[PDB]
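A quick note on method: Cβ atoms are made from the backbone with ideal geometry, for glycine too, and the neighbour counts reach across all protein chains shown. Values quoted throughout were computed directly from the atomic coordinates according to the rules given, and no laboratory measurement underlies them.
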Amino acid sequence: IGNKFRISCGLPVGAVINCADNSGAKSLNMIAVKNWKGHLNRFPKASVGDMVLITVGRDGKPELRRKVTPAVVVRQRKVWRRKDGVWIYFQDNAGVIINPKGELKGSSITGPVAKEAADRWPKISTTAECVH
Amino acid sequence: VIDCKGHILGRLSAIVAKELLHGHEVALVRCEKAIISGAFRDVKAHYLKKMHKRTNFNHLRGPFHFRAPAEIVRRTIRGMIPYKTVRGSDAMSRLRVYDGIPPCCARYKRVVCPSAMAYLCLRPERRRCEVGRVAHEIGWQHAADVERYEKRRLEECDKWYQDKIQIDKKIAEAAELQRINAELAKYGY
Amino acid sequence: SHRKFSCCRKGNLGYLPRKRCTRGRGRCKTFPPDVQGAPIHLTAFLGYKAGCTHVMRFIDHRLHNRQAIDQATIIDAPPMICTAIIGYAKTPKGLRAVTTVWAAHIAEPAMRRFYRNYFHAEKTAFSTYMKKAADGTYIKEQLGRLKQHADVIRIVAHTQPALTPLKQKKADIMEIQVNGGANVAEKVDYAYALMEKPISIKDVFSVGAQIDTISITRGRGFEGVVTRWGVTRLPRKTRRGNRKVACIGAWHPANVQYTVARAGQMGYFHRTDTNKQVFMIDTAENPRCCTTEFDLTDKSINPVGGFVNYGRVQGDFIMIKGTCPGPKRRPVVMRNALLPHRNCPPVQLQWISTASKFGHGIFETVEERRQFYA
RNA sequence: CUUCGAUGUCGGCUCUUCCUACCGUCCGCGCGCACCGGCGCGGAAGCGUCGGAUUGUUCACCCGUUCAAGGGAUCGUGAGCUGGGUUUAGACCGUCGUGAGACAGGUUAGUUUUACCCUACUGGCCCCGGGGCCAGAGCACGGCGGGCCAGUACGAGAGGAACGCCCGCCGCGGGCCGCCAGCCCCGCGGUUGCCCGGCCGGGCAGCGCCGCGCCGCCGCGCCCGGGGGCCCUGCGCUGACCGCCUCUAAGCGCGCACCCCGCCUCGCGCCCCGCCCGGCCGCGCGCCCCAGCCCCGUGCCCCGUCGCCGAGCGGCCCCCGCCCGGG
């Protein structure tokens, strides 16, 4: 939804991020980013508000493991410049599990959620307790 | 001073190359109106094919390909001269090529090579393209300027024509022995 | 062999040869087209770049009705006096000049230009010209020859360096076209009426338009391909080192090609950035230039601390959105843009930064510092 | 055939060009083309052709993604590297041999030497004013979306476009420091052993280490990339040869991520002004058209041969300090 404004691409492939939603699992590891065409050697990099494919880890729920799922990162540690010039850096790396049509698997998103994710994905905005 | 309106870009460059090497020194004017025989699309692609020939390692050591038409006529007369040897270097220098008649060579008496003229050479419907139009599509950006100037020159030469008959009619009117001997005494010259 | 995976050439081949610019200051080499029938305008101005600021603005593009902060560069501009009129005809060969009527009275800043060292100089420049003119009968007669034979009229003008904080003490002469106007005469008369008179940025350019900053970029000396062109450092275990391009060519062509990456002079080369908007055209003598109705106090272009590595800008200043080529105090020329962005945002500035660029400053004006510290 | 008084030999990395027998995008055209989508052409090399698991592996195969053509350049590329592989000497194992040993059977361990020469490439230099302009040479924006169109055309539904304008992202390219990162040349604070008799304040441990940090680079930050001309394949228009027809024969329109020029980088030389304003050299113009060709099919024919005055138009030379401080 909308046109994304460029942020800082905080997370490259191989990053393990925590899971904000309950139905997801503690570790969500990036595998690929959506709409990624890059020059040689560039590790596909994602950022808050992009759709990234994640794999539930060994620590995660047995039922959801061993599969590749879509996700949008909610909390990105790296500083990014919103147009108003504020640079906001979240405390820890984390993400939510969303179907490509916007369906969050979990009942609620827990932890402060980025403004950028809310605009791009509508359901996240309704279920985010403390938008920052 | 051989004007090049209607003259073949190869055949004029044969008459003029022998003259330079013989040691005569000539100036070519109205160069853009010379004709490169063949259909324009093919003639344009034979030059836009020559302009692809360039030294891969440094296009600066490469063959220089010239777009303005005075150069296009002279690079041709360069092939028909031993440019590298001294007797050739003196003759390439002895050629002054002017695109359009400049004020430098305007007053000079003008002669044309009838034999190398496309009119007397190519059959009607052969299809001919003027180096000037090839020049514009190969990269000449000075086409309008040389046509504006040439119009203004042909205009001041139209006023001059009225003045010129008057001076030369008075000369003829005052015809008051060589006329009755040099061409009239068992000589017929 | 085929390369294997595919990647583009690193570097722009059209920006070669990468040499320190021979041209001392940016030469436009182009000017916006005449469009006979436009109001008679001028197309250029010289200024010494000052420092960047960061200003809030109101954006109305489609983010509509939102506020954004964006860097703007103050190009200090002094009024630049006009010294001459040049008429170039458009003959087959190219732009060829048909003489220039320099002005009878030329100041010391522009006289300084002809001689390398002023104190020990013959100071003979324009001795005869001043004498032959002055009555002005000759000057007019030669301006008449420009009107009769010329098609492009350019007014040569000298920037007064004393007004700027620049240490040069000698003017950098420049040529500005007087494009527009119904006929050559109107342009010539426009040039005559500006002769020996200050030309100000206010007259030449307007807020909301985009202009192209031309200049000489900052320089670094010899720099290796990694920091010049951008080739990837080879992996850590390389004998002879990692910071280089491993293959400079193929056995054929035997000679190395011009397209390969080669170590040389990084920086100090002519570059023209393009389509930069003029956020603010103003005179620093006014003490409220940064005062907006959403500022509610008094500020001006001079930042607390001074423009870092620059002077005071006690003169007219043009603020251009975005970075421009050149380090501070490098002469930066400006031209009306040749083809600006079709759809740009309207410019309304609601706050301009004034705190010290030196260090980190949280005090917009000098007074606030002494009150905060008490 | 060339090389055995030696052409470093496999792949990878890094990087540069090239070719079309073109996968996507560009322009058409054909469908068993309703739409979406597929499939076949002709012009087309501009741009894109990725990120990874295994293997030394070119290849292979799978997993992703903006869904991913093929090759060439001494199997491009070792005085560029890496040595995993192969390919010496150590060592196993299996088979073969009475044995020394063998193996296009597998397994481990095993110096990658030299440019200061010449070219080439890249930058730099050779005392002479400023301000410009040309010839030449380089040459750069492609691609993907969202928005309105539009849930519209189309469709029985199921599904489902588009031109146009706007807004973004990706790739690349040129810049820049305010912002925020990163850095710290000798700044300020902390601390540890030892040496200065203790305090103060200092050294020494090759910056002892730690916490910030300025000018400045810099990126992970920001800023900028909107244009013309011929035309290709063709699609057409009038109109024949050939009582019709017709895209073509004569014409004539439209016309491609291609091409050529602009912008842009470089630029030998040249122009103008200033200083000075000096010398030298030449002597000569109607145009247009060839199926009106309007009188054609001539003239000059002597640049020293006796021409050379001037006038008037061109040319042609013509002219311009450093050292020394700071950037």
Worksheet, complete the sentence: All conditions in (1) more than 8 Å from RNA strand D (Cβ to nearest atom); (2) assigned to a helix (DSSP H, G or I) are true of C:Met280 except (2)
Fill in: region A:1-51, residues that are more than 6 Å from RNA strand D (Cβ to nearest atom), of a type in the set (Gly, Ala, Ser) and over 14 Å from the mean Cα position of the chain (by Cα)
A:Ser23
Discussion item. Looking at B:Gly139, B:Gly100, B:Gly188 in this structure, which one is touching a strand residue (DSSP E or B) at 6+ places or on another chain (Cβ under 8 Å) and among the small types (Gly, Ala, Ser)?
Written reply: B:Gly100
Worksheet item: Residues in region A:79-120 that are loosely packed, with under 14 Cβ neighbours inside 10 Å, away from chain C (no Cβ under 14 Å) and farther than 23 Å from A:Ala25 by Cα: how many?
Response: 2
Item to complete: Considering only residues that are loosely packed, with under 12 Cβ neighbours inside 10 Å and near RNA strand D (Cβ under 6 Å from one of its atoms), look in region C:98-130 and name the one that is nearest to the other protein chains (Cβ to nearest Cβ).
Response: C:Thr128
Worksheet, complete the sentence: Restricting attention to region B:146-172, the residues that are more than 7 Å from RNA strand D (Cβ to nearest atom) and either away from chain C (no Cβ under 14 Å) or over 27 Å from C:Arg96 (Cα atoms) (or both) number exactly 13
Practice prompt. Identify the single condition in (1) within 14 Å of chain C (Cβ to nearest Cβ); (2) surrounded by 14 or more Cβ atoms within 10 Å (Cβ to Cβ); (3) in a helix (DSSP H, G or I) that B:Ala143 does not satisfy, given that it satisfies every other one.
Written response: (3)
Worksheet entry | Residue list for region A:81-121, restricted to those being within 15 Å of RNA strand D (Cβ to nearest atom) and farther than 19 Å from A:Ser47 by Cβ | A:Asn99, A:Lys101
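Any idea which of B:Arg123, B:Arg133 is in a loop (DSSP other than H, G, I, E, B), within 16 Å of B:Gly6 (Cα to Cα) and away from chain C (no Cβ under 12 Å)?
B:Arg123
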Item to complete: For region C:26-35, state whether one or more residues are buried (at least 22 other Cβ atoms within 10 Å of the Cβ) and either in contact with a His (Cβ under 8 Å, 6 or more places away or on another chain) or of a type in the set (D, E, K, R) (or both).
Response: yes
Worksheet entry | Candidates A:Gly60, A:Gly14, filtered to the one that is more than 15 Å from A:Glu116 (Cβ to Cβ), surrounded by 13 or more Cβ atoms within 10 Å (Cβ to Cβ) and touching a strand residue (DSSP E or B) at 6+ places or on another chain (Cβ under 7 Å) | A:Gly60
Worksheet, complete the sentence: Filtering region B:39-97 down to residues that are among the hydroxyl-bearing types (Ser, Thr, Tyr), assigned to a loop (DSSP other than H, G, I, E, B) and loosely packed, with under 13 Cβ neighbours inside 10 Å yields B:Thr85
Discussion item. Suppose we filter region A:116-132 for residues that are among the hydrophobic types (A, V, I, L, M, F, W, C) and part of a helix (DSSP H, G or I); how many remain?
Written reply: 3
Worksheet item: For region C:166-181, which residues satisfy the criterion of being within 21 Å of C:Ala97 (Cα to Cα) and of a type in the set (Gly, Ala, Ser)?
Response: C:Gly180, C:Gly181
Discussion item. If I filter region C:65-73 for residues that are in a loop (DSSP other than H, G, I, E, B), farther than 21 Å from C:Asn302 by Cα and within 14 Å of chain A (Cβ to nearest Cβ), do I get at least one hit?
Written reply: yes
